[PDB]
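So you can see what is in the structure, the chains are spelled out below.
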Amino acid sequence: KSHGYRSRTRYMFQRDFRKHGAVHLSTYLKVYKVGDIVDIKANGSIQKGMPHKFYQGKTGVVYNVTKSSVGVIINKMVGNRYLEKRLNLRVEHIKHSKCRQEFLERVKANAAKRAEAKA
Amino acid sequence: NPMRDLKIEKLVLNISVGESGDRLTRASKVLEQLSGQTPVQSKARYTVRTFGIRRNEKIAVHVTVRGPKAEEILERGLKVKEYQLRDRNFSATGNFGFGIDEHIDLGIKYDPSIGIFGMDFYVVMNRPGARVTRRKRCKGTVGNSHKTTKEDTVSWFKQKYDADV
Amino acid sequence: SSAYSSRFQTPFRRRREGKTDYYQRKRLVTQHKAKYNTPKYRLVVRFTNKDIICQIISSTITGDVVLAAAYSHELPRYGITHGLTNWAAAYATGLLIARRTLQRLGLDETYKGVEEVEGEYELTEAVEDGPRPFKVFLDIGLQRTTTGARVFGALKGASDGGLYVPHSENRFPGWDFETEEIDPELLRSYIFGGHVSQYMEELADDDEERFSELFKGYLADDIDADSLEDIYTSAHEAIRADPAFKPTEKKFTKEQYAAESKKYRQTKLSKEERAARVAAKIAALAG
Amino acid sequence: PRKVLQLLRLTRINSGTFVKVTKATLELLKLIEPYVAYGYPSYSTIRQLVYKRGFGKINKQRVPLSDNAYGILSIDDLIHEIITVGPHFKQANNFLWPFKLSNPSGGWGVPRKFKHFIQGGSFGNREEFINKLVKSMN
RNA sequence: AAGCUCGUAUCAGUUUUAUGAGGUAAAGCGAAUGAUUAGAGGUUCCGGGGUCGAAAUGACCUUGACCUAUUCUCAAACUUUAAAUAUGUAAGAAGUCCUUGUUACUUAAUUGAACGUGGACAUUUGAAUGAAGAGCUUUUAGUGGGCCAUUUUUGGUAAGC
RNA sequence: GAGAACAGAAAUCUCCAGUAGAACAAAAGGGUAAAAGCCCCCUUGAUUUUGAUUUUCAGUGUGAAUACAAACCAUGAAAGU
RNA sequence: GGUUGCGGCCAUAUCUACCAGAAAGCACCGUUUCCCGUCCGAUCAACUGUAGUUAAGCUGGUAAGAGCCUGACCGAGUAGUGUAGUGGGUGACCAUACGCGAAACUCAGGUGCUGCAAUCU
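Every chain's residues are listed with numbers counted from 1 in the order the sequence is written; these need not match the entry, and residues without coordinates are not shown. Whichever chain is written first is A, and whichever ligand is written first is 1; the rest continue in order. Each value listed describes the chains present in this view, a part of a larger assembly. Processing note: side-chain calculations cover all non-hydrogen atoms of the structure and skip hydrogens and water entirely. Residues with missing side-chain atoms are left out of burial classes, side-chain pairs and their counts.

- The deposited coordinates for this entry were obtained by X-ray crystallography, with a reported resolution of 4.0 Å.

Dropping the structure here:
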């Protein structure tokens, strides 16, 4: 009925199930990378590392790393045109990804030279 | 066995005034000097009839000691109540604890001992286990030792030799 | 003696036991922590009942790691056989455990660089530094922060020669009011110490022949065995200069060897030891 | 399902391409099933459906036009691939504006067509009985 | 409308593999909450009916009053569990792999960071399918009262509302 | 479950042994347990300069809010904040 | 085997009730002269070197038992849903086509437990 900045969020910005408090001090270790692709995922414990709604679920790529807890950024883009907007999120809210085919970049290249000598 | 156990917790001494001063201002002194320790007053969280229509403040004194002044509790145990407390008769558990009523009387009055008048006739039991889970750091649940006061903490107010059994 | 039910909704950690996975860890290991980066930390000594542990660990990984060691559970062999946990073995295992004892890096960024251990040991401020690492930050543990007391003294005795822990005046053992400072006191206890003075007390007993190798005991009025067994020993990584290891021992690796029958119970304590190892246990009979 | 059709590339009423039975093919097929008609080619049906209306971005002369191949040539080779697809194969099928087949020709396909599968009609994937409803056309 | 710039670059209202995001359909109350059926068992407590009964009557007693293992049925604004549809990304590959070089950065630095040189292999051995290139710049009309259906729904007895 | 004298359903006092049912000004929802609640200790960051960001699927200024830079302080033993 | 700082999932993570515990390690425990701390109170806090204990704590085993599992089989190819019809029925609804496709219920094997660094008999 009103349009405040967390509106509708009641279940999106949800929490847990039983993991209902306190950052996994792992989810806190780990190092960014002025290039590595991050995947937003808000968590009410924090609160800059709350990503203002829309950018929920959306995966992008670290463009800033103010690594002093200040997570990175990335952007993404949105509807009509895609005008890519950038958002400075915080270290406790973002997460890695499935660029995990570089595992198959490797698999490829390597197995492919072992294919050179093989052929 | 049977390696360790039995000791006298603390002598939770408490009067329940019901005013400000110079009344509580007394139950203090009294307590204090029957005590040697000083006097932790008591709050007053909130209101109703019989006066005590005050915010959490001024209406009793807490000062309660322990240890060496052990006997200093039974220093009217036997005495005050002729070494007889809530007796008879089922499961030998006769109200693990002991009745009371307010105390005091003293602007002149004379020292004690008994006197000071009836008072907080408890500071008692509840079985056993260990020693410091009321600890700090790496805290914990006491062991699984002893009987719910009663079948234990009675047979050690039964060897201060007196009535309740 | 009560209930249970649908008590299906906890839990908490292994610091249900007591580890302060609290703002504790995640605030020493953060920041430093990012702004950079990919390394940093920063070492803490937390005392046992008998032995005084000063593990100079630093954060991260699967699980936080050990830059080196420390721990005065044997500042005895190294010259100091009675007085375990004497709040100058905080000075001791201070420098002597970690600090200078730390390390390879360590002794190396020292023993020529940094060093100044203490360049004193009299006595006052800071005692800070001016180049540079391994800049280890304190991280007590849980223990309460009582002006003057073991912990915040492993500090003041440790970095009295070495690291850049950042230890401030205020709480360092002794001295306050109303303002600083207060110079002498520390100089004293630091110099194990003021249990000499406490060794004034005349009546029944005390130690033993450790009250005969003691007694004097530096007294006199304290300057012969107290601040001497100290002074000397109380120079252990500086004077007495040794490993933090130090004599690794390794005589540990020797003492197993030693268990004394049989199996065990749980049995896996037998075999375990029995040489280093013998059967399964931590292998095929445990985690 | 529109854009599907568009990319499975068949923009005309009674028209029709050929597409390999690969799950990125299949899946698509089904997303369309409702409104198309997954036959499943025969040999002869390919021959004729080639040669007859089937050919070129413009007609037919063997190794002639059919040797912008260049993998290999022969109208009978466009077939000899297509009708046993695999190998360089179906960049071959990148070639043939496809169909412009005849409206039912002889038979119609029973009653109601524009919805179906079994249950009669059309709209579905015969086999076998995939040819005939083609057999009458080119 | 006018046109640029150059020719497989790469493009897609599309599936496919890998990886995320969802709490609505459903489902669920001998699970949270909040509703509601029904009797059971208290070796249970505060009272209205009776009893040896009758004024701190011990003791049992009949309706309520909270447990305790059960029973019955529900939820837009409740819930563990949780779909389908739709929704983010990624893809073969300018990419890895190797060598070192730059200083404001912070690490104690043979610490990394960011950038750059020299060097090996790309037409590439799951993605599929499609291209009347593709990108790009200006400009200036009309338009802003909309209406139908199928499914999904809000109000309302209903409506050609 | 313990000890009651104006208390005695309790208004309020002190002991002991377990569902987050409380508390966070104010609506509702999120969140929060060595805390984000409560008792103490010390301060005035509710600070200067900018800029960038985010919030109409957002290209419009506004309010609000996020991460930085440069200063200048607080507070802790610290890392921090 | 313990002990220190740990990661983890942090009920796929505890309860609860009994036991049992060599070796070491921690614990309990002795003690107030100092630093320091009690809304009172050396309990807590901290502060100093061995008189006495495994009794707790801890550790592990028992219940099969309360918790969540983890898997699979009926449950279930249902319930629900993507598309389709000039399908059925007054209507409500419903069936059939291809496609996705659960949850509760129960049957089982787990039990909280892996594993990091440094130590240590």
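**A few points about the overall build of chain D**
In step 1: Of the regular secondary structure elements, chain D holds 6 helices and 0 strands.
In step 2: Listing each helix as α and each strand as β along chain D from the N terminus yields α-α-α-α-α-α.
In step 3: Taking 2.2 N^0.38 as the reference for a compact globule, 138 residues should give roughly 14 Å; the C-alpha atoms of chain D span a radius of gyration of 15 Å, in line with that estimate.
In step 4: With respect to the principal axes defined by its C-alpha atoms, chain D has extents near 45 × 35 × 25 Å. Only runs of H or I of at least four residues qualify as helices and only runs of E of at least two qualify as strands under DSSP, and these elements are numbered from the N terminus. With the radius of gyration taken over C-alpha atoms, the globule rule is written as 2.2 Å times the number of residues to the power 0.38.

**Some words on the overall build of chain C**
In step 1: Counting its regular elements, chain C contains 5 helices and 2 strands.
In step 2: Written out in order from the N terminus, the α and β elements of chain C read α-β-β-α-α-α-α.
In step 3: In terms of overall dimensions, chain C has C-alpha extents of about 65 × 55 × 50 Å along its principal axes.
In step 4: Residues are treated as being in contact if the distance between any of their heavy atoms lies within 4.5 Å. Here the analysis covers contacts within chain C between residues at least 6 apart in sequence; of these, 54% occur between residues at least 24 apart.

**Here we look at the interface of chain C and chain A**
In step 1: Residue-level contacts link 5 residues of chain C with 5 residues of chain A.
In step 2: Under the grouping applied here, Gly and all other residues not named as nonpolar or charged are polar, the nonpolar ones being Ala, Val, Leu, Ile, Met, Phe, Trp, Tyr, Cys and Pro and the charged ones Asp, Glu, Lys and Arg. Here the residues of the side of chain C that touches chain A are counted per class, giving 2 nonpolar, 2 polar and 1 charged.

**Observations regarding the arrangement of the chains**
In step 1: By contact count, the leading pair among the 2 pairs of chains in contact is chains A and C.
In step 2: As for chain B relative to chain A, no contact occurs, and the smallest C-alpha gap between them is 20 Å.
In step 3: Across the gap from chain B to chain D, with no contact made, the nearest C-alpha atoms are 60 Å apart.

**What about unusual backbone geometry?**
In step 1: Of the consecutive residues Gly-21 of chain B and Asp-22 of chain B, the connecting peptide bond is found in the cis state with omega at 0°.
In step 2: In this structure, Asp-22 of chain B sits in the segment before α1 (24–35).
In step 3: Each neighbour pair has its own omega, and for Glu-127 of chain D with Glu-128 of chain D the value is 10°, a cis peptide bond.
In step 4: Relative to the elements of secondary structure, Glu-128 of chain D occurs in the loop between α5 (75–82) and α6 (132–135).
In step 5: Non-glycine residue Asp-222 of chain C carries a positive phi angle of around 90°.
In step 6: Looking at the element boundaries, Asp-222 of chain C is found in the loop between α4 (184–190) and α5 (226–233).
In step 7: Positioned with a positive phi, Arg-9 of chain D is a non-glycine residue whose angle comes to about 55°.

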